[PDB]
Amino acid sequence: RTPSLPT
Amino acid sequence: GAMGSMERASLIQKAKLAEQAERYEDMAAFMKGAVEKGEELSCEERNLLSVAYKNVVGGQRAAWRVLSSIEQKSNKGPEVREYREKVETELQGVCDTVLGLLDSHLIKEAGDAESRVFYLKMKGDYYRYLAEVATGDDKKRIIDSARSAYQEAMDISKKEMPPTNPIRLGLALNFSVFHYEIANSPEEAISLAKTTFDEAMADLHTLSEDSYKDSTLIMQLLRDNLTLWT
Ligand SMILES: *Cc1ccc(-n2c(-c3cccnc3)nc3ccccc32)cc1Br
């Protein structure tokens, strides 16, 4: 899965 | 709810403490309590809400993926499926709680672009998480709900925010992920990431050093995805 915005 | 007797300011203070203690379930419960006080949230408060639930659901999603992978390799008794279902239901419940807070009544009271875009982005993200685990009759509607929320957020951000605004950038990053991972639209994903990157690059000259650091961080995440997808 591709990375979304991290925290 | 259970936080009904605690002062709003105490809930926010305790959310910050829970963040420091890496107690994200507590953090989320404190922020839910704060939202349920009925007042609008500040920028800092919106970010506390986001951090808390992203950490909670992030753990759940990671567990679901581990279990789903095992289940698929098994296809043995019903246990793997049962436990995957248990984690799935708990994840769905967290998503439903967040969606509930946005609908009752964060989005309807959010008039400024920064707040309204932030909440619609969150709405897109949590429908996206629901989509990741959906299989039944409502899967297409779930995907469309994510899409609709992200699209409204994008339309406002394009009208009201500069191309370097971190919220605008993070929204584009996550909508591009939606297209690639959920909507089976890799070309749309790539286009959105590249147009967002390029328009931001051209506006960096307007920024302070601190703003520049924020914007370029998110731009690098866009670039990282483009590198992975091409
Ligand atoms: C979805 C999302 C996007 C952007 C950030 N965020 C912000 C920010 C600025 C103004 C208001 N809210 C958030 N600043 C950031 C710097 C670095 C990385 C991300 C940043 C947060 C979220 Br949840």
# chains A, B, ... in the order shown; residues from 1 in each chain; ligands from 1
>>> interface_residues(of="chain B", to="chain A", cutoff="8 Å", atoms="only C-alpha atoms", output="list in words")
residues 51, 54, 55, 170, 173, 174, 177, 181, 218, 221 and 225 of chain B
>>> residues_near_ligand(ligand="ligand 1", cutoff="10 Å", atoms="only C-alpha atoms and all ligand atoms", output="ChimeraX atom specification")
/A:4-7 /B:42-51,54,114-115,117-122,125,165-174,210-219,221
>>> residues_around(residues="segment 185-196 of chain B", least_positions_apart="4", cutoff="6 Å", atoms="only C-alpha atoms", output="PDB file with N, CA and C atoms, in the first residue's frame")
ATOM      1  N   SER B 176      -4.856  11.558  -3.749  1.00  0.00           N
ATOM      2  CA  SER B 176      -4.112  10.820  -4.765  1.00  0.00           C
ATOM      3  C   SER B 176      -3.946   9.361  -4.356  1.00  0.00           C
ATOM      4  N   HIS B 179      -7.166   7.624  -5.121  1.00  0.00           N
ATOM      5  CA  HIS B 179      -7.274   7.240  -6.514  1.00  0.00           C
ATOM      6  C   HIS B 179      -6.454   5.994  -6.824  1.00  0.00           C
ATOM      7  N   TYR B 180      -5.234   5.905  -6.283  1.00  0.00           N
ATOM      8  CA  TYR B 180      -4.331   4.815  -6.620  1.00  0.00           C
ATOM      9  C   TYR B 180      -4.796   3.519  -5.955  1.00  0.00           C
ATOM     10  N   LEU B 222       4.731  13.712  -1.677  1.00  0.00           N
ATOM     11  CA  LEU B 222       4.182  13.588  -3.010  1.00  0.00           C
ATOM     12  C   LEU B 222       5.208  12.988  -3.965  1.00  0.00           C
TER      13      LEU B 222
END
>>> select_by_dssp(residues="segment 149-196 of chain B", states="alpha helix (DSSP H)", output="JSON, numbers by chain")
{"B": [149, 150, 151, 152, 153, 154, 155, 156, 157, 158, 159, 160, 166, 167, 168, 169, 170, 171, 172, 173, 174, 175, 176, 177, 186, 187, 188, 189, 190, 191, 192, 193, 194, 195, 196]}
>>> residues_around(residues="residue 183 of chain B", least_positions_apart="5", cutoff="12 Å", atoms="only C-alpha atoms", output="list in words")
residues 128, 131, 132, 139, 140, 142, 143, 144, 145, 146, 147, 175, 176, 177, 178, 188 and 189 of chain B
>>> write_last_selection(atoms="N, CA, C and O atoms", output="compact mmCIF listing (two decimals), in the first residue's frame")
# COMPACT_ATOMS: atom_id res chain seq x y z
N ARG B 128 -12.40 6.29 3.29
CA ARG B 128 -11.36 5.52 2.64
C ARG B 128 -10.98 4.30 3.49
O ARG B 128 -10.88 3.20 3.00
N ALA B 131 -13.61 1.86 3.14
CA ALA B 131 -13.51 1.22 1.83
C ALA B 131 -12.49 0.09 1.78
O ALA B 131 -12.69 -0.89 1.04
N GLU B 132 -11.37 0.22 2.50
CA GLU B 132 -10.28 -0.74 2.50
C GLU B 132 -10.79 -2.11 2.93
O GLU B 132 -10.19 -3.10 2.53
N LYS B 139 -20.28 -1.13 -0.73
CA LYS B 139 -18.91 -0.76 -1.04
C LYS B 139 -18.79 0.39 -2.05
O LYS B 139 -17.94 1.28 -1.89
N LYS B 140 -19.60 0.35 -3.11
CA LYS B 140 -19.50 1.43 -4.08
C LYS B 140 -19.94 2.73 -3.45
O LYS B 140 -19.40 3.77 -3.76
N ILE B 142 -19.70 3.52 -0.30
CA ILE B 142 -18.63 3.95 0.60
C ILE B 142 -17.52 4.69 -0.17
O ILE B 142 -17.06 5.78 0.23
N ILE B 143 -17.07 4.09 -1.28
CA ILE B 143 -16.07 4.72 -2.12
C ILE B 143 -16.56 6.07 -2.63
O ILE B 143 -15.83 7.06 -2.63
N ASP B 144 -17.82 6.14 -3.06
CA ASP B 144 -18.33 7.41 -3.53
C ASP B 144 -18.43 8.49 -2.45
O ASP B 144 -18.28 9.68 -2.73
N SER B 145 -18.73 8.05 -1.21
CA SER B 145 -18.74 8.98 -0.11
C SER B 145 -17.33 9.55 0.15
O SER B 145 -17.23 10.74 0.44
N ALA B 146 -16.30 8.70 0.08
CA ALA B 146 -14.94 9.22 0.24
C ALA B 146 -14.65 10.23 -0.87
O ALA B 146 -14.19 11.35 -0.65
N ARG B 147 -14.94 9.83 -2.11
CA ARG B 147 -14.66 10.65 -3.28
C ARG B 147 -15.34 12.02 -3.17
O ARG B 147 -14.73 13.05 -3.42
N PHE B 175 -5.92 12.29 -1.32
CA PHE B 175 -6.84 12.03 -2.41
C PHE B 175 -6.13 11.26 -3.52
O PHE B 175 -6.72 10.37 -4.13
N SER B 176 -4.86 11.56 -3.75
CA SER B 176 -4.11 10.82 -4.77
C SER B 176 -3.95 9.36 -4.36
O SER B 176 -4.09 8.49 -5.19
N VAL B 177 -3.70 9.10 -3.06
CA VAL B 177 -3.70 7.73 -2.53
C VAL B 177 -5.04 7.05 -2.74
O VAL B 177 -5.11 5.87 -3.11
N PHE B 178 -6.15 7.75 -2.46
CA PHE B 178 -7.50 7.25 -2.72
C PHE B 178 -7.58 6.77 -4.17
O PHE B 178 -8.05 5.69 -4.49
N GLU B 188 -5.00 9.04 -12.58
CA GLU B 188 -5.54 10.18 -11.88
C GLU B 188 -4.68 10.52 -10.67
O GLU B 188 -4.44 11.69 -10.36
N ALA B 189 -4.27 9.48 -9.95
CA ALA B 189 -3.38 9.63 -8.82
C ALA B 189 -2.09 10.34 -9.16
O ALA B 189 -1.69 11.29 -8.48
>>> atom_distance(atom1="atom CA of residue 198 of chain B", atom2="atom CA of residue 163 of chain B")
9.2 Å
>>> atom_distance(atom1="atom CA of residue 141 of chain B", atom2="atom CA of residue 129 of chain B")
13.4 Å
>>> residues_around(residues="residue 5 of chain B", least_positions_apart="6", cutoff="12 Å", atoms="only C-alpha atoms", output="NGL selection string")
:B and (11 or 30 or 33-34 or 36-37)
>>> write_last_selection(atoms="C-alpha atoms", output="compact mmCIF listing (two decimals), in the first residue's frame")
# COMPACT_ATOMS: atom_id res chain seq x y z
CA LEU B 11 -10.01 17.31 28.24
CA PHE B 30 -10.49 12.92 25.51
CA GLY B 33 -15.29 14.46 24.81
CA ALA B 34 -13.99 17.89 23.82
CA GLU B 36 -19.04 16.77 22.27
CA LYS B 37 -18.95 20.00 24.30
>>> atom_distance(atom1="atom CA of residue 89 of chain B", atom2="atom CA of residue 134 of chain B")
11.0 Å
>>> closest_residue(among="B:60, B:184, B:74, B:68", to="residue 93 of chain B", atoms="only C-alpha atoms")
B:60
